[PDB]
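**Student:** Take this structure, written in structure tokens, and hold onto it; I'll ask about it next.
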Amino acid sequence: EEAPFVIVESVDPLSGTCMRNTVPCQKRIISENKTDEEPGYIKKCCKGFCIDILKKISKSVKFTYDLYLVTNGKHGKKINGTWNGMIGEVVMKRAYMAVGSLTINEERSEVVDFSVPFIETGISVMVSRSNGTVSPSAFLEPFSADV
Amino acid sequence: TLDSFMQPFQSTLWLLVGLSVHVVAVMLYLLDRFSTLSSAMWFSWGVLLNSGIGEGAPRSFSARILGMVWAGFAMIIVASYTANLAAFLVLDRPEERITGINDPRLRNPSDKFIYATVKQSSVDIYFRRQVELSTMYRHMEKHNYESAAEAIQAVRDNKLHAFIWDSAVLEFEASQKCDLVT
Amino acid sequence: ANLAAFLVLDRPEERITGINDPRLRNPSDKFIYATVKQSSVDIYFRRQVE
Amino acid sequence: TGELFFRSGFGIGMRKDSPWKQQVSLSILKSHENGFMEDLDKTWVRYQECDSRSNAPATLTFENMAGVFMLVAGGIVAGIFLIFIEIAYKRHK
Amino acid sequence: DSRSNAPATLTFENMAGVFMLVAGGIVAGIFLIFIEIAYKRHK
Amino acid sequence: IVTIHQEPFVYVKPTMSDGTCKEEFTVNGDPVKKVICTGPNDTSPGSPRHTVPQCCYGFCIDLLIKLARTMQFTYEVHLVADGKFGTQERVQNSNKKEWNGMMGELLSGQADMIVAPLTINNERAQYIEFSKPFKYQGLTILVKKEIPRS
Amino acid sequence: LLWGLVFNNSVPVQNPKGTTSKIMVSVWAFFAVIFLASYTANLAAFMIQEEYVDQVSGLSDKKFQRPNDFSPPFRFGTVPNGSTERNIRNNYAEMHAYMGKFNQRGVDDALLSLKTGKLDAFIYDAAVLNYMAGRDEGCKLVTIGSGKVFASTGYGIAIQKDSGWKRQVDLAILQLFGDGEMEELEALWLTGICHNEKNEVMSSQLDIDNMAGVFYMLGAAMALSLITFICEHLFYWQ
Amino acid sequence: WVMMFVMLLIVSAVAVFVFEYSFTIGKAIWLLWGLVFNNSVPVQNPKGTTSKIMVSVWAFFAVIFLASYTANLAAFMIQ
Ligand SMILES: *[C@@H]1O[C@H](CO)[C@@H](O[C@@H]2O[C@H](CO)[C@@H](O)[C@H](O)[C@H]2NC(C)=O)[C@H](O)[C@H]1NC(C)=O
Ligand SMILES: N[C@@H](CCC(=O)O)C(=O)O
């Protein structure tokens, strides 16, 4: 789940399924470690930019699919030579493809295959707009020394 | 318009210009000792307030050029005072005024914005029929009203944020009640 | 007050808004635009029917 | 003027059967991370010259003085003529 | 009425910022008047 | 290597009478690294069809130098004959369809790599291979602007 | 006398006697009247076109590399376990070490901390940050510059290595760019409200940082006046 | 305008009362009118000490008066 690209919410209380223009994702739940239960899954609805890209792409290279949300990790991290998140799910052959806000870098490109990019990103800095203006010598701006 | 004194000038700025007039007056007192302590009190203030009070001109040649610069200081702050104020009167907040039916607040409705219409009317037929407005129709279905007198009243207070209705009816309401706009 | 208005008020400008500007969409013999022959820019226009 | 459309970037072209195609992509990805690509932009692209903006508030230059300082300067040459007339009028009447 | 610029003509609201200061100054001087006239004979 | 003339990325200048490239420095005094090219002179092969050595430098030239040092290869560069980026056309009433410009130089075995501002698209991707992008851009329009009042 | 008129006739003077002198004063008054009107009008214009400047130039700013030898030292951080943390670690060791005490746990949490003053800067992905900038309540949040990207990359689809679907997938992706569905998709999902084209709303209170120049000029004038007075007194002594 | 002319009358009466403790009545209104529209009219100042403070306060009022009028008048023309 990422706010503008993958948005997930619960199914219609009236019908118990997903609304139009959405896709179903199944999520897994883990109870307390003292005692756990047989497979427990919850059905959700997934929509967004990447979901629309996955829908058009799927209809012309012609394949069917099922979606599920990752539980261990968020995006991918190498700890003691092991990967988690979506990257780790793809490495363990548990998933075939990963769709979402995953950035292409050299470290991950040595363990999985990336396709051409569909949007450009990077690193940015966000600050709060300070109220007021800047004017150290505004009173000298009009006219010129010659006059 | 705020307070006239405090809007373009901070209270600390008044103190700095409030104390500097005495510093100039004290500076003229040093020229009297080396080569009138009441007359010159006035002169320094009179220049700031551009009033003809007092007739005490500086005596020393160096004292003459000190007040020569002092006249220019008063012109600068007064000119900046008028200039800044006009900028404040022209510039306004750009704000957000719902550009139209394609505004992102309507296409992707959150819980902080609620809009509706009248139940069982021709606006309901428009949204329900065509499939790319399904998200918008779902949001309005649980907030629609019974008559337009009620939806217009519910906009005067902040129980409703936007009302969609016929332009002929709505343009009349905007020209008779002043809170409302289309 | 007038001098101030004259120094900040500027004449309106056309400033073509992009590829959806009415001048480009409905072209005439008085306005001319072009590109480079045998470029990717040519492939883009020749392949969309709209 | 306007916004951007058809957003495709620049790549290196090779044949489908090349022993170099996998190493080129890894080197390009590595160069973006360590800042080598940002160095090239400063040297060849972002040095810039005459600047942007359209409103352009502008400092007033000497051109205004021509239409203003000429009158006072012309007043000086027109003052000595009135000087002789005034002083002579005291003697004449 | 319409328009978006809506240039607001200044009205009596600005008096409290300024008009009270001069009004206060009128009564602030008479207090010094009694002291000043006494100070002429006090020294 | 095949290259095209584009000022922000590729500069083409004539060689000195000696036969080498003139020395030049940046704003910080470090040398500008150039390479010896070979391509048609004057306008095009339309009339004076003969190649002469030239000097090349720019954004793309020094990126190729970085690639060669890391990947441990040696290169020779030249300019495209017709000065075109490349599109697919048909010739002399035939069923075949063949590329021209820089795209046809690589496909015909006259080149091994393309180091130039070449746009990645669907049509070119079905015959050649593209690497990850080293520049992200779009399309825009260039117009003229006038003078204000006085 | 004739220097008094140009500055709004502030100082008191004594009138001359000659008629031609009166004419000269009268013609100088016009010059001074026009001269001052022109000065104020321009001054107002400059302010209505004041433009803002970014507090930090970029990622290599002075406040980012050596934050200690600054007042109430600058506070900035990111949410760990991502690509941004990986890149800063391999390129700025001491900056990464300093960032350890300002770690966030979410984008909304980081925005809330930034609004309330608990944080001075946030470093994260460029694509999600530009989205949050245009959807904020008001337009209080901005990105440095006009939108600046460092270590440019993009979002892709991770596929199992040595698979046969990759060529079909990326060929299909390039086909969407040719048709133009990407513009429709970004208009439908990635459109924003706020504009970052240097709005420059308004200044206020004309703080001391603005009057520093005039105060310095007054101080310099006082210093030169006292120096000249001392020199004149010493010369008169001899 | 009348709300400030009434203060002209009040300040003139107050200054006349102060001068009791060559300043006539008409000269009071004349000088007090002079400051409102910039010091362009010759006048004669009242030697009264507190009257000097009062007229200084009036000058401070008049400065703000004229500056706001110019900013607003300018503003209409822009919009
Ligand atoms: C980043 O990853 C670390 C793991 O290396 C996370 O730390 C774990 O968090 C879980 C959840 O609270 C705890 O149960 C573990 O005990 C933590 N392990 C360690 C070693 O601290 C951390 O929460 C992650 N942070 C974010 C923002 O995702
Ligand atoms: N999009 C990033 C997460 C955000 C960030 O870490 O900067 C990733 O793919 O890991």
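Here's how to read the names in the structure tokens: chain A, B, ... by the order shown, residue numbers from 1 in each chain, ligand numbers from 1 in the order shown.
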Counting only C-alpha atoms, a student should be able to say which residues of chain H come within 9 Å of chain C; what is the right answer, written as a VMD selection string?

**Tutor:** chain H and resid 70 to 75 77 to 78

**Student:** I'd like the contact shell of stretch 27-30 of chain H - 8 Å cut-off, only C-alpha atoms, skipping same-chain residues fewer than 6 positions apart - returned as a PyMOL selection string.

**Tutor:** chain H and resi 8-9+12+15-16+43-44

**Student:** What separation in Å, quoted to one decimal, exists between atom CA of residue E:5 and atom CA of residue G:49?

**Tutor:**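 If I compute the distance from atom CA of residue E:5 to atom CA of residue G:49, I get 17.8 Å.
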
**Student:** Using only C-alpha atoms and all ligand atoms, which residues have at least one atom no more than 6 Å from ligand 2? Output them as a VMD selection string.

**Tutor:** (chain A and resid 75 101 to 103) or (chain G and resid 82 to 84 124 to 125)

**Student:** Please report as JSON lines every residue of chain G lying within 9 Å of ligand 1, along with the nearest atom pair and their distance in Å (one decimal), using only C-alpha atoms and all ligand atoms.

**Tutor:**
{"residue": "G:79", "atom": "CA", "partner": "ligand 1", "partner_atom_place_in_ligand_line": "27 (C)", "distance": 5.4}
{"residue": "G:80", "atom": "CA", "partner": "ligand 1", "partner_atom_place_in_ligand_line": "27 (C)", "distance": 5.3}
{"residue": "G:81", "atom": "CA", "partner": "ligand 1", "partner_atom_place_in_ligand_line": "1 (C)", "distance": 4.9}
{"residue": "G:82", "atom": "CA", "partner": "ligand 1", "partner_atom_place_in_ligand_line": "28 (O)", "distance": 8.3}
{"residue": "G:103", "atom": "CA", "partner": "ligand 1", "partner_atom_place_in_ligand_line": "27 (C)", "distance": 7.9}
{"residue": "G:104", "atom": "CA", "partner": "ligand 1", "partner_atom_place_in_ligand_line": "27 (C)", "distance": 6.7}
{"residue": "G:105", "atom": "CA", "partner": "ligand 1", "partner_atom_place_in_ligand_line": "27 (C)", "distance": 4.4}
{"residue": "G:106", "atom": "CA", "partner": "ligand 1", "partner_atom_place_in_ligand_line": "27 (C)", "distance": 7.0}

**Student:** Tell me as a list in words which residues belonging to chain D come within 9 Å of chain G, counting only C-alpha atoms.

**Tutor:**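 Written out as asked, the residues are residues 5, 6, 7, 8, 29, 31, 32, 33, 34, 35, 37, 38, 55, 56, 57, 58, 59, 60, 68, 69, 71, 72, 75, 76, 79, 80, 82, 83 and 86 of chain D.
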
**Student:** In Å, how far is it from atom CA of residue H:79 to atom CA of residue E:7?

**Tutor:**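 Value for the atom CA of residue H:79-atom CA of residue E:7 distance: 7.4 Å.
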
**Student:** Near residue F:99, within 8 Å and counting only C-alpha atoms, which residues show up once chain neighbours fewer than 3 positions away are dropped, as a PyMOL selection string?

**Tutor:** chain F and resi 86-89+103-104

**Student:** Using only C-alpha atoms, I'd like every residue of chain A that has an atom within 9 Å of chain B; please write them out as a PyMOL selection string.

**Tutor:** chain A and resi 20-21+139

**Student:** Please, which residues of chain G lie no more than 7 Å from chain B when the count uses only C-alpha atoms, and can they be set out as a VMD selection string?

**Tutor:** chain G and resid 7 10 to 12 40 43 to 44 47 to 48 191 201 to 202 204 to 208 214 221 to 222 225 228 to 229

**Student:** What is the atom CA of residue F:59-atom CA of residue F:9 distance in Å, reported with one decimal?

**Tutor:**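 Separation of atom CA of residue F:59 and atom CA of residue F:9: 4.4 Å.
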
**Student:** Would you kindly report the residues of chain A within 12 Å of chain F, using only C-alpha atoms, as a list in words?

**Tutor:**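 Here they are: residues 104, 105, 106, 109, 113, 114, 115, 116, 117, 118, 119, 120, 121 and 122 of chain A.
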
**Student:** Got time to write the residues from that selection, N, CA, C and O atoms, as a short mmCIF file (atom, residue, chain, number, x, y, z; two decimals), in the first residue's frame?

**Tutor:**
data_model
loop_
_atom_site.label_atom_id
_atom_site.label_comp_id
_atom_site.auth_asym_id
_atom_site.auth_seq_id
_atom_site.Cartn_x
_atom_site.Cartn_y
_atom_site.Cartn_z
N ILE A 104 14.13 1.21 -9.09
CA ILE A 104 15.17 0.40 -9.72
C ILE A 104 16.54 0.93 -9.28
O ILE A 104 16.84 2.11 -9.45
N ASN A 105 17.36 0.04 -8.72
CA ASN A 105 18.71 0.39 -8.32
C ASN A 105 19.63 -0.79 -8.62
O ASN A 105 19.18 -1.89 -8.94
N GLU A 106 20.94 -0.55 -8.50
CA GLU A 106 21.91 -1.56 -8.88
C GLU A 106 21.88 -2.76 -7.93
O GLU A 106 22.07 -3.90 -8.36
N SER A 109 18.92 -5.03 -8.79
CA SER A 109 18.96 -5.51 -10.17
C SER A 109 19.85 -6.73 -10.35
O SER A 109 19.80 -7.37 -11.41
N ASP A 113 14.75 -9.09 -12.07
CA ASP A 113 14.72 -8.43 -13.37
C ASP A 113 13.68 -7.33 -13.36
O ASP A 113 12.53 -7.55 -12.96
N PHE A 114 14.07 -6.14 -13.81
CA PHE A 114 13.19 -4.99 -13.89
C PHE A 114 12.83 -4.71 -15.35
O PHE A 114 13.60 -5.00 -16.26
N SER A 115 11.64 -4.15 -15.55
CA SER A 115 11.17 -3.80 -16.88
C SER A 115 11.43 -2.32 -17.15
O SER A 115 12.05 -1.62 -16.34
N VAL A 116 11.19 -1.85 -18.35
CA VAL A 116 11.39 -0.40 -18.55
C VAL A 116 10.52 0.32 -17.54
O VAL A 116 9.67 -0.24 -17.00
N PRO A 117 10.91 1.48 -17.04
CA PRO A 117 10.15 2.29 -16.08
C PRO A 117 8.95 2.96 -16.74
O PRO A 117 8.97 3.32 -17.92
N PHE A 118 7.89 3.13 -15.95
CA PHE A 118 6.68 3.80 -16.39
C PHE A 118 6.47 5.16 -15.73
O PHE A 118 5.48 5.84 -16.04
N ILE A 119 7.36 5.56 -14.83
CA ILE A 119 7.31 6.88 -14.21
C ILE A 119 8.69 7.19 -13.67
O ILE A 119 9.48 6.29 -13.39
N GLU A 120 9.08 8.46 -13.62
CA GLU A 120 10.41 8.84 -13.11
C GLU A 120 10.31 9.39 -11.70
O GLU A 120 9.39 10.00 -11.43
N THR A 121 11.25 9.06 -10.85
CA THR A 121 11.29 9.38 -9.42
C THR A 121 12.73 9.65 -9.03
O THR A 121 13.62 9.78 -9.88
N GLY A 122 12.97 9.74 -7.72
CA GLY A 122 14.30 10.00 -7.20
C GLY A 122 14.30 10.36 -5.73
O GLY A 122 13.60 9.74 -4.94
#

**Student:** Restrict the distance test to only C-alpha atoms, flag each residue of chain C within 7 Å of chain F, and return the flagged residues as a PyMOL selection string.

**Tutor:** chain C and resi 38-40

**Student:** Can you tell me, as a PyMOL selection string, what residues are no more than 9 Å from residue H:64 when counting only C-alpha atoms, ignoring any on the same chain fewer than 4 positions away?

**Tutor:** (chain B and resi 4-5+82) or (chain E and resi 18) or (chain H and resi 59-60+68-69)

**Student:** Restricting the output to N, CA, C and O atoms, write the selected residues as a short mmCIF file (atom, residue, chain, number, x, y, z; two decimals), in the first residue's frame.

**Tutor:**
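Here's the written file again10.cif:
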data_model
loop_
_atom_site.label_atom_id
_atom_site.label_comp_id
_atom_site.auth_asym_id
_atom_site.auth_seq_id
_atom_site.Cartn_x
_atom_site.Cartn_y
_atom_site.Cartn_z
N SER B 4 -3.68 49.77 12.00
CA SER B 4 -2.87 50.59 11.10
C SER B 4 -1.41 50.64 11.53
O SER B 4 -0.51 50.54 10.70
N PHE B 5 -1.17 50.78 12.84
CA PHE B 5 0.20 50.91 13.32
C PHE B 5 0.95 49.59 13.24
O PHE B 5 2.14 49.56 12.89
N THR B 82 4.45 53.28 2.83
CA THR B 82 3.37 53.37 1.82
C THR B 82 3.48 52.25 0.81
O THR B 82 2.52 51.73 0.38
N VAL E 18 -6.06 54.80 15.06
CA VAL E 18 -5.44 56.12 14.96
C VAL E 18 -6.28 57.19 15.66
O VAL E 18 -5.76 57.96 16.47
N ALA H 59 0.61 65.80 13.34
CA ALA H 59 1.46 65.51 12.19
C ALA H 59 1.66 64.01 12.01
O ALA H 59 1.66 63.50 10.89
N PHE H 60 1.83 63.29 13.12
CA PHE H 60 1.93 61.84 13.05
C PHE H 60 0.65 61.23 12.49
O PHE H 60 0.70 60.26 11.72
N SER H 68 -1.85 56.19 3.55
CA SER H 68 -2.89 55.18 3.25
C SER H 68 -3.73 55.64 2.08
O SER H 68 -4.08 54.85 1.25
N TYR H 69 -4.02 56.91 2.03
CA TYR H 69 -4.80 57.35 0.86
C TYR H 69 -4.01 57.02 -0.39
O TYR H 69 -4.60 56.48 -1.27
#

**Student:** Compile the contact shell of residue E:30 as a ChimeraX atom specification: residues with an atom at most 12 Å away, counting only C-alpha atoms, same-chain residues fewer than 2 positions apart removed.

**Tutor:** /E:24-28,32-37 /H:14-15,17-18,21,49-51,53-54

**Student:** Show which residues sit within 8 Å of residue A:22, as a PyMOL selection string. Count only C-alpha atoms, and ignore same-chain residues fewer than 5 positions away.

**Tutor:** chain A and resi 45-47
